[PDB]
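Heads up, the thing below is written out as structure tokens.
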Amino acid sequence: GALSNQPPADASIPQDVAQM
Amino acid sequence: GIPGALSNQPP
Amino acid sequence: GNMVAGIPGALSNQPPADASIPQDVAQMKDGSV
Amino acid sequence: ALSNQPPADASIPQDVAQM
Amino acid sequence: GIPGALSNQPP
Amino acid sequence: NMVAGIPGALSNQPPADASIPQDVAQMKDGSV
Amino acid sequence: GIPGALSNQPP
Amino acid sequence: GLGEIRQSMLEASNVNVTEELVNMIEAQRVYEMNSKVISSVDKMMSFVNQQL
Amino acid sequence: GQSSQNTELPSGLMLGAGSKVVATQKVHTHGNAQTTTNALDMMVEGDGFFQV
Amino acid sequence: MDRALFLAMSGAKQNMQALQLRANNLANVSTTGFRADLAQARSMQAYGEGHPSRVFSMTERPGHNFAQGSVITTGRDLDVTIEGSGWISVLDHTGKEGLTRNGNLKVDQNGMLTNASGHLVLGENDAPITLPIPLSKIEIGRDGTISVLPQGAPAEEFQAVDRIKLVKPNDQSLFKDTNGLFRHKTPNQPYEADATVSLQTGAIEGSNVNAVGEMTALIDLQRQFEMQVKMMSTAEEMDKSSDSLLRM
């Protein structure tokens, strides 16, 4: 696909987006 | 992009 | 950039009186944008 | 039946008068 | 030509 | 630098479930 | 070793 | 325009023991009719995910 | 929210959200009379309330 | 895959919408002055190119059951019901005139005459009816006349203070609003006060929902809904079978 030179980050699944 | 498109980043 | 667009599947194949697709998205079906 | 002019979209109105 | 066929165009 | 964790059902859930030991959850970050 | 990996001998 | 005080008298409750019984009859029937709609919707949703 | 536009057409369909009890209204009608032999129980005939 | 999946799905979805409309009538059987909503289907054809074989159906509310409701005798002075055909002019919180049939009237501390739902009742002046504060006997006349007795006045000091605004327009020219108030379909059309509508005081009008009629239409909606769902299942079954053309 769209090969990039830096590893992609992990997705964040917060119960409240304020506490992120 | 799409005018009503949703973002994949926190609001 | 003369594309055609819209929500595939069940939403579009309802008659237009349902008004489920956003009007902005529904108007990209004639080749606009 | 290959034509040269794209087919028109079907219309499903509530009233055929306002079409 | 089927006598009395329905049409596909707004009446 | 190994990346480790529980494969499958436990990992593919929000962290609010908290069914993975905290030590194992650290390994997925990329440090062991 | 994994911090909290089960052994394979009687406890 | 105020009322007069009557000694050695008491005012009974104005409840109509027949109004309540007739009200119970209608309320019980409406309660059962709405239950059938809930049961009907349950079977329709059950049919969809059992057939499709 | 154009309800008057085509209210009899499929585009103007409106669905209710159910029912609720708006209030439990008191009916302050005058009750009957109980003639007692006690000298300390009393009734107000008409409008008025005892104050305690 | 065949477009009969969505042609049958739309029928199944619309049957649910009609089911919601009927379920609201049964929830409002005991409601005061409630006019049952009608439900039907309209056949809208997909006009265009090809064979005329695809016709959609959507549910709609063509009208309401304006028949006289169930009259409940309560023996209350502030309980009135319209005799036959008619309406009571009220204004909601916004301040817009609307036609209602909830004759469960009440008087607040300021003396304003409202109904059970809190809508102010209009009068001859086209303003909300306000009564003198210290009342002792309130009687509603046959033709909407409101006659009160001042507190402490003798029985011969009976005078009228206001008149309930009763409107009798064409029923088919009315639509139920989002708050249950019937209004004119044509905006900015005055509600003319009719002098023929009569009020049967001492009673309250219930809803006109025909419970058995709702149930016998529910059983029809279920069967039509389930048949279309089977069409969805036979649509995907055909697609799976035809998938063997490319297999080799």
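Chains: A, B, ... in order of the structure tokens. Residues: from 1 per chain. Ligands: from 1, in order shown.
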Hey, which bits of chain B sit within 10 Å of stretch 6-18 of chain A, and for each residue what's the closest pair of atoms and how far apart in Å (one decimal), counting only C-alpha atoms, rows by chain and increasing number, as CSV?
residue,atom,partner,partner_atom,distance
B:8,CA,A:11,CA,9.8
B:9,CA,A:12,CA,9.6
B:10,CA,A:17,CA,6.9
B:11,CA,A:17,CA,8.1
Shell of 10 Å around stretch 3-5 of chain G, only C-alpha atoms, local chain residues under 2 positions omitted, as a PyMOL selection string: (chain F and resi 21-24) or (chain G and resi 1+7-8)
For the selection you just gave me, I'd like the residues written to a file as a CSV table (one decimal), in the first residue's frame, keeping N, CA and C atoms.
chain,number,residue,atom,x,y,z
F,21,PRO,N,-2.8,-9.0,32.1
F,21,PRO,CA,-1.9,-8.5,33.1
F,21,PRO,C,-1.1,-7.3,32.6
F,22,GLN,N,-0.8,-6.4,33.5
F,22,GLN,CA,-0.2,-5.1,33.1
F,22,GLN,C,1.2,-5.4,32.6
F,23,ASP,N,1.9,-6.4,33.1
F,23,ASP,CA,3.3,-6.7,32.6
F,23,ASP,C,3.2,-7.1,31.1
F,24,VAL,N,2.3,-7.9,30.7
F,24,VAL,CA,2.2,-8.4,29.3
F,24,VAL,C,1.8,-7.2,28.4
G,1,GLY,N,12.7,-14.2,31.0
G,1,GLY,CA,11.4,-14.9,31.1
G,1,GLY,C,10.2,-13.9,31.2
G,7,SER,N,4.7,-22.2,35.1
G,7,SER,CA,5.7,-23.2,35.0
G,7,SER,C,5.0,-24.5,34.5
G,8,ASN,N,5.9,-25.5,34.3
G,8,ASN,CA,5.4,-26.8,33.8
G,8,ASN,C,5.6,-28.0,34.7
Kindly give the distance, in Å, that separates atom CA of residue J:120 and atom CA of residue J:27, rounded to a single decimal.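 Calculated distance between atom CA of residue J:120 and atom CA of residue J:27 is 25.5 Å.
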When the cut-off is 9 Å and we count only C-alpha atoms, which residues of chain C are near chain B, given as a list in words? residues 22, 24 and 25 of chain C
Using the selection just defined, write its residues with N, CA and C atoms as a CSV table (one decimal), in the first residue's frame.
chain,number,residue,atom,x,y,z
C,22,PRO,N,-27.1,12.1,3.5
C,22,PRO,CA,-27.0,13.5,3.6
C,22,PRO,C,-27.1,14.1,2.2
C,24,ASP,N,-25.5,16.6,0.9
C,24,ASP,CA,-24.2,16.9,0.3
C,24,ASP,C,-23.7,15.6,-0.4
C,25,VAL,N,-23.8,14.5,0.3
C,25,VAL,CA,-23.3,13.2,-0.3
C,25,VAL,C,-24.2,12.8,-1.5
Just the residues within 9 Å of residue H:30, please, counting only C-alpha atoms, with nothing from its chain fewer than 6 positions along; format it as a PyMOL selection string. chain J and resi 26-30+211
Write a file of the selected residues as a PDB file, in the first residue's frame, keeping N, CA, C and O atoms.
ATOM      1  N   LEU J  26     -52.120   2.347  20.225  1.00  0.00           N
ATOM      2  CA  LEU J  26     -52.455   1.463  21.335  1.00  0.00           C
ATOM      3  C   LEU J  26     -51.881   1.966  22.653  1.00  0.00           C
ATOM      4  O   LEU J  26     -52.464   1.720  23.714  1.00  0.00           O
ATOM      5  N   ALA J  27     -50.738   2.651  22.612  1.00  0.00           N
ATOM      6  CA  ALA J  27     -50.201   3.257  23.824  1.00  0.00           C
ATOM      7  C   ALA J  27     -51.068   4.415  24.301  1.00  0.00           C
ATOM      8  O   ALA J  27     -51.063   4.740  25.494  1.00  0.00           O
ATOM      9  N   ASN J  28     -51.815   5.041  23.394  1.00  0.00           N
ATOM     10  CA  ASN J  28     -52.640   6.208  23.699  1.00  0.00           C
ATOM     11  C   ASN J  28     -54.129   5.889  23.659  1.00  0.00           C
ATOM     12  O   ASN J  28     -54.934   6.712  23.215  1.00  0.00           O
ATOM     13  N   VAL J  29     -54.525   4.695  24.106  1.00  0.00           N
ATOM     14  CA  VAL J  29     -55.940   4.336  24.114  1.00  0.00           C
ATOM     15  C   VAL J  29     -56.701   5.160  25.148  1.00  0.00           C
ATOM     16  O   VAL J  29     -57.818   5.623  24.894  1.00  0.00           O
ATOM     17  N   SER J  30     -56.107   5.363  26.322  1.00  0.00           N
ATOM     18  CA  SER J  30     -56.765   6.071  27.410  1.00  0.00           C
ATOM     19  C   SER J  30     -56.530   7.576  27.376  1.00  0.00           C
ATOM     20  O   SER J  30     -57.036   8.285  28.251  1.00  0.00           O
ATOM     21  N   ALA J 211     -59.339  -0.480  19.146  1.00  0.00           N
ATOM     22  CA  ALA J 211     -58.274  -1.388  19.562  1.00  0.00           C
ATOM     23  C   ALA J 211     -58.229  -2.637  18.694  1.00  0.00           C
ATOM     24  O   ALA J 211     -57.147  -3.092  18.308  1.00  0.00           O
TER      25      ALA J 211
END
Just to confirm, what's the straight-line distance from atom CA of residue J:60 to atom CA of residue I:4 in Å (one decimal)?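 According to the coordinates, atom CA of residue J:60 and atom CA of residue I:4 are separated by 13.7 Å.
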How would you write, as number ranges by chain, the set of residues in chain F that DSSP gives as helix (DSSP H, G or I)? F: 22-27
Do me a favour and pick out the residues of chain D within 10 Å of chain E, using only C-alpha atoms, as a list in words.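 Residues of chain D within 10 Å of chain E, counting only C-alpha atoms: residues 10, 11, 12, 13, 15, 16, 17 and 19 of chain D.
Among the candidates C:28, C:17, C:10, C:5, the one nearest to chain D when counting only C-alpha atoms is C:17.
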Determine, counting only C-alpha atoms, which protein, DNA and RNA residues have an atom within 7 Å of an atom of stretch 28-32 of chain F; residues of the same chain fewer than 2 positions away are not included. Present the result as a PDB file with N, CA and C atoms, in the first residue's frame.
ATOM      1  N   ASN F   1      14.577  -6.427  20.464  1.00  0.00           N
ATOM      2  CA  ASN F   1      13.417  -5.823  21.105  1.00  0.00           C
ATOM      3  C   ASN F   1      12.143  -6.507  20.633  1.00  0.00           C
ATOM      4  N   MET F   2      11.685  -7.480  21.410  1.00  0.00           N
ATOM      5  CA  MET F   2      10.500  -8.234  21.035  1.00  0.00           C
ATOM      6  C   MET F   2       9.234  -7.439  21.332  1.00  0.00           C
ATOM      7  N   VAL F   3       8.230  -7.610  20.478  1.00  0.00           N
ATOM      8  CA  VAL F   3       6.880  -7.116  20.725  1.00  0.00           C
ATOM      9  C   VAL F   3       6.021  -8.324  21.066  1.00  0.00           C
ATOM     10  N   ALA F   4       5.377  -8.291  22.228  1.00  0.00           N
ATOM     11  CA  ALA F   4       4.709  -9.472  22.749  1.00  0.00           C
ATOM     12  C   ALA F   4       3.340  -9.107  23.301  1.00  0.00           C
ATOM     13  N   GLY F   5       2.501 -10.125  23.437  1.00  0.00           N
ATOM     14  CA  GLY F   5       1.202  -9.958  24.062  1.00  0.00           C
ATOM     15  C   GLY F   5       0.357 -11.190  23.827  1.00  0.00           C
ATOM     16  N   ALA F  25       0.915  -6.285  28.947  1.00  0.00           N
ATOM     17  CA  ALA F  25       0.476  -5.150  28.143  1.00  0.00           C
ATOM     18  C   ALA F  25       1.638  -4.213  27.825  1.00  0.00           C
ATOM     19  N   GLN F  26       2.653  -4.180  28.690  1.00  0.00           N
ATOM     20  CA  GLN F  26       3.819  -3.345  28.431  1.00  0.00           C
ATOM     21  C   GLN F  26       4.646  -3.885  27.270  1.00  0.00           C
TER      22      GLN F  26
END
By how many Å are atom CA of residue H:10 and atom CA of residue I:35 apart?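 A separation of 6.5 Å between them.
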May I have a table of the residues of chain J lying at most 9 Å from chain I, giving each one's closest pair of atoms and their distance in Å to one decimal, counting only C-alpha atoms, ordered by chain and ascending residue number, as a Markdown table?
| residue | atom | partner | partner_atom | distance |
| --- | --- | --- | --- | --- |
| J:17 | CA | I:15 | CA | 8.0 |
| J:18 | CA | I:15 | CA | 8.8 |
| J:20 | CA | I:15 | CA | 6.9 |
| J:21 | CA | I:15 | CA | 5.6 |
| J:23 | CA | I:18 | CA | 7.9 |
| J:24 | CA | I:18 | CA | 5.3 |
| J:25 | CA | I:18 | CA | 8.2 |
| J:26 | CA | I:18 | CA | 8.8 |
| J:27 | CA | I:19 | CA | 5.8 |
| J:28 | CA | I:19 | CA | 5.8 |
| J:31 | CA | I:19 | CA | 8.0 |
| J:41 | CA | I:10 | CA | 8.5 |
| J:42 | CA | I:10 | CA | 7.9 |
| J:58 | CA | I:10 | CA | 6.0 |
| J:59 | CA | I:10 | CA | 5.9 |
| J:60 | CA | I:10 | CA | 4.6 |
| J:61 | CA | I:8 | CA | 5.5 |
| J:62 | CA | I:8 | CA | 4.7 |
| J:63 | CA | I:8 | CA | 6.9 |
| J:75 | CA | I:29 | CA | 9.0 |
| J:76 | CA | I:27 | CA | 7.9 |
| J:116 | CA | I:23 | CA | 7.7 |
| J:117 | CA | I:22 | CA | 7.0 |
| J:136 | CA | I:47 | CA | 8.1 |
| J:175 | CA | I:7 | CA | 7.1 |
| J:176 | CA | I:7 | CA | 8.8 |
| J:177 | CA | I:3 | CA | 7.1 |
| J:178 | CA | I:3 | CA | 7.8 |
| J:184 | CA | I:4 | CA | 8.4 |
| J:185 | CA | I:4 | CA | 5.7 |
| J:186 | CA | I:4 | CA | 7.8 |
| J:187 | CA | I:4 | CA | 8.4 |
Export, as a CSV table (one decimal), in the first residue's frame, the selected residues with C-alpha atoms.
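That gives us out-v6.csv:
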chain,number,residue,atom,x,y,z
J,17,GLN,CA,-42.5,2.1,10.4
J,18,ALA,CA,-46.3,1.4,10.0
J,20,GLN,CA,-44.5,2.0,15.1
J,21,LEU,CA,-47.4,4.2,14.0
J,23,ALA,CA,-48.1,0.9,18.4
J,24,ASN,CA,-48.5,4.6,19.3
J,25,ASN,CA,-52.3,4.4,18.9
J,26,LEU,CA,-52.5,1.5,21.3
J,27,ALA,CA,-50.2,3.3,23.8
J,28,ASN,CA,-52.6,6.2,23.7
J,31,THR,CA,-55.5,9.5,26.3
J,41,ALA,CA,-48.9,2.4,1.8
J,42,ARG,CA,-48.2,4.2,-1.5
J,58,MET,CA,-43.6,3.7,1.6
J,59,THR,CA,-45.9,4.2,4.5
J,60,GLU,CA,-47.7,7.5,5.1
J,61,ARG,CA,-50.3,9.0,7.4
J,62,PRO,CA,-53.2,10.0,5.0
J,63,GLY,CA,-55.4,11.3,7.9
J,75,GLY,CA,-69.2,15.0,37.5
J,76,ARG,CA,-66.7,17.9,37.5
J,116,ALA,CA,-54.6,19.2,31.7
J,117,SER,CA,-51.6,19.6,29.4
J,136,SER,CA,-66.9,30.3,44.5
J,175,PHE,CA,-52.8,18.1,10.3
J,176,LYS,CA,-51.6,16.9,13.7
J,177,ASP,CA,-48.5,18.9,14.7
J,178,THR,CA,-45.4,17.6,16.6
J,184,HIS,CA,-54.3,24.2,9.4
J,185,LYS,CA,-52.2,22.9,6.6
J,186,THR,CA,-52.2,26.3,5.0
J,187,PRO,CA,-50.2,28.6,7.3
When you get a sec, could you note down which chain F residues fall within 8 Å of chain A, using only C-alpha atoms, as an mmCIF file with N, CA, C and O atoms, in the first residue's frame?
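That gives us selection.cif:
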data_model
loop_
_atom_site.group_PDB
_atom_site.id
_atom_site.type_symbol
_atom_site.label_atom_id
_atom_site.label_comp_id
_atom_site.auth_asym_id
_atom_site.auth_seq_id
_atom_site.Cartn_x
_atom_site.Cartn_y
_atom_site.Cartn_z
ATOM 1 N N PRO F 14 -11.030 -3.005 24.137
ATOM 2 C CA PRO F 14 -10.583 -1.753 24.739
ATOM 3 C C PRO F 14 -9.853 -2.014 26.030
ATOM 4 O O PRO F 14 -10.154 -2.981 26.759
ATOM 5 N N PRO F 15 -8.858 -1.187 26.367
ATOM 6 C CA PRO F 15 -8.126 -1.386 27.627
ATOM 7 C C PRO F 15 -9.001 -1.268 28.860
ATOM 8 O O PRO F 15 -8.605 -1.750 29.928
ATOM 9 N N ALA F 16 -10.173 -0.636 28.751
ATOM 10 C CA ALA F 16 -11.082 -0.552 29.887
ATOM 11 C C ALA F 16 -11.540 -1.923 30.361
ATOM 12 O O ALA F 16 -11.902 -2.071 31.533
#
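If you measure from each of J:99, J:82, J:19, J:55 to chain C using only C-alpha atoms, the closest one turns out to be J:55.
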Kindly determine which residues of chain C lie within 9 Å of chain J, considering only C-alpha atoms, and give the answer as JSON, numbers by chain. {"C": [9, 10, 13, 14, 15, 17, 18]}
Can you write out as a Markdown table which residues of chain J fall within 6 Å of chain H, alongside each residue's closest atom pair and its distance in Å to one decimal, counting only C-alpha atoms and ordering rows by chain and ascending residue number?
| residue | atom | partner | partner_atom | distance |
| --- | --- | --- | --- | --- |
| J:151 | CA | H:1 | CA | 5.2 |
| J:152 | CA | H:1 | CA | 4.1 |
| J:233 | CA | H:52 | CA | 5.5 |
